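To start, the structure itself, in structure tokens.
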Amino acid sequence: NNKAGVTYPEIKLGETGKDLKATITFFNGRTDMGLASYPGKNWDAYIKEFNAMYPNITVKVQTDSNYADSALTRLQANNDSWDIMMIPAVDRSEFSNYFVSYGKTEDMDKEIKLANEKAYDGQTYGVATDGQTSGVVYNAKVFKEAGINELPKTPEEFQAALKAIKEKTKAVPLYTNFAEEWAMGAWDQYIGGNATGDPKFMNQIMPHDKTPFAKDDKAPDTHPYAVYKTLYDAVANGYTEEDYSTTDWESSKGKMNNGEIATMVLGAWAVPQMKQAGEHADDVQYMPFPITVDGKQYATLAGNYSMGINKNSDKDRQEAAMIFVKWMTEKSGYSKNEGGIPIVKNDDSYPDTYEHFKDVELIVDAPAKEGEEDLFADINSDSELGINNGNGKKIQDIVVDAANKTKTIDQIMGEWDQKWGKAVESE
Ligand SMILES: OC[C@H]1O[C@@H](O[C@H]2[C@H](O)[C@H](O)[C@H](O[C@H]3[C@H](O)[C@H](O)[C@H](O)O[C@@H]3CO)O[C@@H]2CO)[C@@H](O)[C@@H](O)[C@@H]1O
């Protein structure tokens, strides 16, 4: 939907669009970085640097809490109040209904990592702010006070860790952030590569499997089951916060930094935010999610939120926005301050955030089989599980079910399997 016909591979930073005078609006969920008190480089700091190269492209930022729903509402508004947003849970087959293409996916694949993540039909509609993994944020000082001198790598070792933390320390062993739906929905992030070591599990096995959530009796501490059982067991064993209904996200950052929370199950993007939330940065560390597959640990490599451009925006703003995105990708250093993997395609660097990952194999999810690019998304929709789509409510239900002992983890996963397998048959 490119009005200026300028594509991302064609943009020569500091040359292209130097004649443009426009104001563009950047809508994202980093409310922290919209504040003057951000304990790092905030948005204005980046924009000031961008303006040294493009002084006549004014970039303004808007941010919203509960971004996952606000962005969806903003797309329904169908207006010009934004030029760049972080793409929300829009299906691939709908990208071209909202966003401007950055180019052919085969061209963008020479420029960025993950060019086919936010893509459809050979066109790329999203550029990730950085590369992400999911793991566990943990306070190493708390871990030392509890006698834990090596990181758990399996679910049983993880629960034993939580038992030691609760026994020997005052830290909340694992904080759920139940009250944040996105924080609960983030458990979906662990069920593919992390849990199976198989890049083909998410997009090629799950849409052809009626029971992806059942326990794997050949390796019962692997596969999606083991992921969600970890959460179930943390709550049921009494290793989480006393009141799940009153969790608070912003204050949990400080509590992790000061050793009042021992672990939180979050992506790498969360580590600098909590390192910075207090004076004890060096106690806040990042570990692989504790699953091991045949002696090895794996982490899915997938994008953070991707930057998408409004097809409503006029010709000048579309191009200015593409120039800003390219500047964020190639120049800003944002990935390096926000716990990110750089998105420039053949940048092999990585922040110190991954210093416990030296033995971990990062694997990008395989795409769908040729011809089934929509099969997973359709199954997900029919089943209403919303896997990796923001449905945190299904995760909240586990916390409630575990805390109240109304259902076993197996009953819950069987219920998911019924809904998923019915959807699989429908499509
Ligand atoms: O699931 C989509 C996407 O989620 C990414 O993680 C997001 C969170 O979903 C959430 O939006 C979080 O918002 C925070 C923000 O980082 C900061 O802490 C601010 O103060 O508070 C808000 C919550 O109100 O931001 C992270 C990072 O964008 C990430 O897990 C992706 O891999 C994933 O696809």
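In the structure tokens, chains take letters A, B, ... by order of appearance, with residues numbered from 1 within each chain and ligands from 1 in the order shown.
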query: Which residues sit within 9 Å of ligand 1, counting only C-alpha atoms and all ligand atoms, listed as a PyMOL selection string?
result: chain A and resi 28-33+64-68+86+88-89+129-134+180-183+185-186+188-189+249-250+253+266-270+273-274+301-306+338+388-390
Determine, using only C-alpha atoms, which residues of range 276-353 of chain A have any atom at most 12 Å from an atom of range 10-24 of chain A, and tabulate each with its shortest atom pair and distance in Å to one decimal place, rows ordered by chain and then rising number, as a tab-separated table.
```
residue	atom	partner	partner_atom	distance
A:309	CA	A:24	CA	10.4
A:310	CA	A:24	CA	10.6
A:313	CA	A:24	CA	9.0
A:314	CA	A:22	CA	10.1
A:315	CA	A:22	CA	10.3
A:316	CA	A:22	CA	6.7
A:317	CA	A:24	CA	6.0
A:318	CA	A:24	CA	8.6
A:319	CA	A:17	CA	7.3
A:320	CA	A:17	CA	7.0
A:321	CA	A:24	CA	6.7
A:322	CA	A:11	CA	8.4
A:323	CA	A:11	CA	6.9
A:324	CA	A:13	CA	9.3
A:325	CA	A:11	CA	10.6
A:326	CA	A:13	CA	7.8
A:327	CA	A:13	CA	7.1
A:328	CA	A:13	CA	10.9
A:329	CA	A:13	CA	11.2
A:330	CA	A:13	CA	9.1
A:331	CA	A:13	CA	9.3
```
- request: Using DSSP on the backbone, list every residue of range 247-277 of chain A that comes out as strand (DSSP E or B), and give them as a VMD selection string.
  value: chain A and resid 261 to 264 267
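Using only C-alpha atoms for every distance, the candidate list A:200, A:81, A:26, A:236 yields A:236 as the residue closest to residue 407 in chain A.
Residues with any atom within 9 Å of residue 276 in chain A, counting only C-alpha atoms and excluding same-chain neighbours fewer than 5 positions away, are residues 38, 39, 40, 253, 254, 257, 271 and 281 of chain A.
Counting only C-alpha atoms, range 364-373 of chain A has the following residues at most 6 Å away, ignoring those fewer than 2 positions along the same chain: residues 199, 200, 203, 204, 300, 301 and 375 of chain A.
Each of A:106, A:187, A:350, A:171 was checked against residue 263 in chain A using only C-alpha atoms; the smallest atom-to-atom distance is that of A:171.
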For the structure I just gave you, how does DSSP split range 153-259 of chain A - specifically, which residues are helix (DSSP H, G or I)? Reply as a compact mmCIF listing (two decimals) with N, CA, C and O atoms, in the first residue's frame.
```txt
# COMPACT_ATOMS: atom_id res chain seq x y z
N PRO A 155 11.80 -28.85 34.81
CA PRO A 155 10.72 -28.39 35.70
C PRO A 155 10.87 -28.84 37.15
O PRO A 155 10.57 -28.06 38.07
N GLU A 156 11.34 -30.06 37.40
CA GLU A 156 11.53 -30.52 38.76
C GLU A 156 12.63 -29.73 39.45
O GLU A 156 12.48 -29.39 40.63
N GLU A 157 13.74 -29.46 38.75
CA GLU A 157 14.81 -28.64 39.32
C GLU A 157 14.31 -27.23 39.58
O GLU A 157 14.69 -26.59 40.56
N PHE A 158 13.44 -26.73 38.73
CA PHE A 158 12.89 -25.40 38.96
C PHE A 158 12.04 -25.37 40.21
O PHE A 158 12.13 -24.44 41.00
N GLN A 159 11.18 -26.37 40.40
CA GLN A 159 10.31 -26.34 41.58
C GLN A 159 11.15 -26.52 42.84
O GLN A 159 10.93 -25.83 43.84
N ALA A 160 12.15 -27.41 42.79
CA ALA A 160 13.07 -27.53 43.92
C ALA A 160 13.75 -26.20 44.21
O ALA A 160 13.89 -25.83 45.37
N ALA A 161 14.16 -25.45 43.19
CA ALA A 161 14.68 -24.10 43.41
C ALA A 161 13.68 -23.23 44.14
O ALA A 161 14.04 -22.58 45.12
N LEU A 162 12.42 -23.20 43.68
CA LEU A 162 11.40 -22.40 44.34
C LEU A 162 11.16 -22.88 45.77
O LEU A 162 10.90 -22.07 46.67
N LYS A 163 11.25 -24.18 46.02
CA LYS A 163 11.12 -24.66 47.39
C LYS A 163 12.24 -24.14 48.27
O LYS A 163 12.00 -23.70 49.39
N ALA A 164 13.46 -24.12 47.76
CA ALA A 164 14.58 -23.60 48.54
C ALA A 164 14.44 -22.10 48.79
O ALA A 164 14.74 -21.61 49.88
N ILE A 165 14.00 -21.34 47.77
CA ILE A 165 13.86 -19.89 47.91
C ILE A 165 12.86 -19.58 49.00
O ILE A 165 13.09 -18.73 49.86
N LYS A 166 11.74 -20.28 49.01
CA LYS A 166 10.69 -19.98 49.98
C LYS A 166 11.10 -20.42 51.37
O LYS A 166 10.76 -19.77 52.35
N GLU A 167 11.90 -21.48 51.45
CA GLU A 167 12.35 -22.01 52.74
C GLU A 167 13.40 -21.10 53.38
O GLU A 167 13.30 -20.76 54.55
N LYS A 168 14.39 -20.68 52.61
CA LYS A 168 15.58 -20.03 53.15
C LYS A 168 15.60 -18.52 52.97
O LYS A 168 16.51 -17.87 53.49
N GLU A 181 -2.77 -9.20 31.68
CA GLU A 181 -3.10 -10.26 30.75
C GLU A 181 -1.91 -10.59 29.85
O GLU A 181 -1.66 -11.76 29.56
N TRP A 182 -1.24 -9.59 29.32
CA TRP A 182 -0.06 -9.84 28.48
C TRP A 182 0.98 -10.65 29.24
O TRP A 182 1.65 -11.51 28.67
N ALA A 183 1.13 -10.38 30.53
CA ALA A 183 2.15 -11.09 31.29
C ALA A 183 1.76 -12.56 31.43
O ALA A 183 2.60 -13.44 31.40
N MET A 184 0.46 -12.82 31.56
CA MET A 184 0.02 -14.21 31.59
C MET A 184 0.09 -14.84 30.21
O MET A 184 0.53 -15.98 30.07
N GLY A 185 -0.34 -14.13 29.17
CA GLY A 185 -0.28 -14.67 27.84
C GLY A 185 1.11 -14.99 27.38
O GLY A 185 1.27 -15.79 26.47
N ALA A 186 2.11 -14.37 27.98
CA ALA A 186 3.49 -14.62 27.60
C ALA A 186 3.93 -16.05 27.87
O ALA A 186 4.97 -16.47 27.34
N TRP A 187 3.17 -16.82 28.66
CA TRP A 187 3.52 -18.23 28.84
C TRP A 187 3.41 -18.99 27.53
O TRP A 187 4.11 -20.00 27.36
N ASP A 188 2.62 -18.49 26.58
CA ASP A 188 2.51 -19.14 25.29
C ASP A 188 3.84 -19.15 24.56
O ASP A 188 4.04 -19.96 23.65
N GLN A 189 4.76 -18.27 24.96
CA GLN A 189 5.98 -18.04 24.19
C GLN A 189 6.97 -19.18 24.34
O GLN A 189 7.90 -19.27 23.56
N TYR A 190 6.75 -20.05 25.29
CA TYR A 190 7.70 -21.08 25.66
C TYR A 190 7.34 -22.44 25.06
O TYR A 190 8.17 -23.37 25.11
N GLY A 193 9.68 -24.00 20.27
CA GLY A 193 11.08 -24.34 20.29
C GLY A 193 11.63 -24.57 21.68
O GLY A 193 12.40 -25.50 21.87
N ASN A 194 11.31 -23.70 22.62
CA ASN A 194 11.84 -23.87 23.97
C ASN A 194 11.50 -25.26 24.52
O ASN A 194 12.36 -25.93 25.12
N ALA A 195 10.26 -25.69 24.34
CA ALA A 195 9.73 -26.88 24.99
C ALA A 195 10.00 -28.14 24.20
O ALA A 195 9.89 -29.24 24.75
N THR A 196 10.36 -28.03 22.92
CA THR A 196 10.49 -29.21 22.08
C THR A 196 11.80 -29.27 21.34
O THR A 196 12.11 -30.32 20.81
N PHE A 201 7.64 -27.32 15.26
CA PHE A 201 6.49 -27.62 16.13
C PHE A 201 5.38 -26.59 16.02
O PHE A 201 4.22 -26.96 15.87
N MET A 202 5.70 -25.30 16.05
CA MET A 202 4.65 -24.29 16.16
C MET A 202 3.78 -24.26 14.90
O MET A 202 2.56 -24.42 14.98
N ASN A 203 4.39 -24.08 13.74
CA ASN A 203 3.65 -23.79 12.52
C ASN A 203 3.42 -25.02 11.64
O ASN A 203 2.61 -24.93 10.71
N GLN A 204 4.02 -26.16 11.95
CA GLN A 204 3.87 -27.34 11.11
C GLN A 204 3.34 -28.56 11.83
O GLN A 204 2.65 -29.32 11.22
N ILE A 205 3.60 -28.73 13.11
CA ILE A 205 3.08 -29.86 13.85
C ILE A 205 1.76 -29.51 14.51
O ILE A 205 0.78 -30.25 14.39
N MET A 206 1.72 -28.42 15.27
CA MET A 206 0.51 -28.04 16.00
C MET A 206 -0.73 -27.94 15.12
O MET A 206 -1.78 -28.47 15.51
N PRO A 207 -0.69 -27.33 13.93
CA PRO A 207 -1.90 -27.32 13.09
C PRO A 207 -2.27 -28.70 12.53
O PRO A 207 -3.31 -28.84 11.89
N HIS A 208 -1.50 -29.74 12.80
CA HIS A 208 -1.82 -31.09 12.32
C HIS A 208 -1.88 -32.09 13.48
O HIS A 208 -1.62 -33.27 13.32
N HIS A 223 7.58 -30.34 25.96
CA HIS A 223 6.38 -30.04 25.20
C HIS A 223 5.47 -29.07 25.93
O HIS A 223 5.70 -28.75 27.11
N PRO A 224 4.47 -28.52 25.26
CA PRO A 224 3.66 -27.49 25.90
C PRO A 224 3.18 -27.86 27.29
O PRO A 224 3.16 -27.01 28.18
N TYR A 225 2.72 -29.08 27.49
CA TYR A 225 2.28 -29.51 28.80
C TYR A 225 3.23 -29.06 29.90
O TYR A 225 2.78 -28.55 30.92
N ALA A 226 4.53 -29.33 29.74
CA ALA A 226 5.47 -29.08 30.82
C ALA A 226 5.56 -27.60 31.12
O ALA A 226 5.81 -27.20 32.27
N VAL A 227 5.42 -26.77 30.09
CA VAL A 227 5.42 -25.33 30.28
C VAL A 227 4.30 -24.92 31.21
O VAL A 227 4.52 -24.30 32.25
N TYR A 228 3.08 -25.24 30.86
CA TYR A 228 1.96 -24.78 31.65
C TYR A 228 1.90 -25.50 32.99
O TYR A 228 1.46 -24.91 33.98
N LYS A 229 2.44 -26.72 33.09
CA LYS A 229 2.51 -27.37 34.40
C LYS A 229 3.46 -26.63 35.34
O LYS A 229 3.28 -26.64 36.55
N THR A 230 4.50 -26.01 34.80
CA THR A 230 5.42 -25.26 35.65
C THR A 230 4.66 -24.17 36.39
O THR A 230 4.79 -24.03 37.60
N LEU A 231 3.84 -23.40 35.66
CA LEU A 231 2.97 -22.38 36.25
C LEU A 231 1.99 -23.01 37.22
O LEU A 231 1.91 -22.58 38.36
N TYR A 232 1.30 -24.08 36.80
CA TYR A 232 0.36 -24.74 37.70
C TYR A 232 1.05 -25.09 39.00
O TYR A 232 0.53 -24.82 40.09
N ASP A 233 2.23 -25.71 38.91
CA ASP A 233 2.87 -26.23 40.11
C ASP A 233 3.41 -25.11 40.99
O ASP A 233 3.38 -25.22 42.22
N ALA A 234 3.96 -24.06 40.39
CA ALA A 234 4.38 -22.93 41.20
C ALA A 234 3.24 -22.42 42.06
O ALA A 234 3.41 -22.13 43.25
N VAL A 235 2.05 -22.26 41.48
CA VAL A 235 0.92 -21.74 42.25
C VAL A 235 0.43 -22.78 43.25
O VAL A 235 0.26 -22.50 44.43
N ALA A 236 0.24 -24.02 42.80
CA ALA A 236 -0.37 -25.02 43.67
C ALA A 236 0.56 -25.38 44.82
O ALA A 236 0.12 -25.64 45.93
N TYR A 244 -3.07 -13.27 44.03
CA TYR A 244 -2.79 -13.11 42.61
C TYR A 244 -3.61 -11.99 42.00
O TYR A 244 -3.16 -11.40 41.02
N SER A 245 -4.75 -11.64 42.58
CA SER A 245 -5.62 -10.64 41.99
C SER A 245 -5.10 -9.23 42.16
O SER A 245 -5.56 -8.33 41.46
N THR A 246 -4.09 -9.03 42.99
CA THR A 246 -3.59 -7.69 43.23
C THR A 246 -2.14 -7.51 42.80
O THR A 246 -1.45 -6.66 43.33
N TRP A 249 2.54 -4.69 37.99
CA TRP A 249 3.68 -4.83 37.10
C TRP A 249 4.78 -3.85 37.41
O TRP A 249 5.93 -4.25 37.57
N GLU A 250 4.48 -2.55 37.43
CA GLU A 250 5.55 -1.57 37.57
C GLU A 250 6.32 -1.75 38.88
O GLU A 250 7.56 -1.62 38.92
N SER A 251 5.61 -2.03 39.97
CA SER A 251 6.30 -2.25 41.23
C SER A 251 7.06 -3.58 41.27
O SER A 251 8.03 -3.69 42.00
N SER A 252 6.67 -4.57 40.45
CA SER A 252 7.38 -5.85 40.44
C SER A 252 8.80 -5.71 39.93
O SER A 252 9.69 -6.48 40.33
N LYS A 253 9.03 -4.73 39.05
CA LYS A 253 10.38 -4.45 38.58
C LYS A 253 11.30 -4.10 39.75
O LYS A 253 12.41 -4.60 39.88
N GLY A 254 10.85 -3.20 40.60
CA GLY A 254 11.65 -2.87 41.75
C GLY A 254 11.84 -4.06 42.67
O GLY A 254 12.92 -4.25 43.23
N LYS A 255 10.78 -4.83 42.87
CA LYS A 255 10.85 -5.92 43.83
C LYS A 255 11.84 -6.98 43.35
O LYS A 255 12.52 -7.59 44.16
N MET A 256 11.84 -7.28 42.05
CA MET A 256 12.88 -8.15 41.49
C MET A 256 14.26 -7.57 41.74
O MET A 256 15.17 -8.27 42.16
N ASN A 257 14.43 -6.28 41.48
CA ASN A 257 15.75 -5.67 41.67
C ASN A 257 16.22 -5.71 43.13
O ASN A 257 17.43 -5.77 43.39
```
task: In Å, rounded to a single decimal, give me how far CA of residue 292 in chain A is from CA of residue 139 in chain A.
output: 21.6 Å
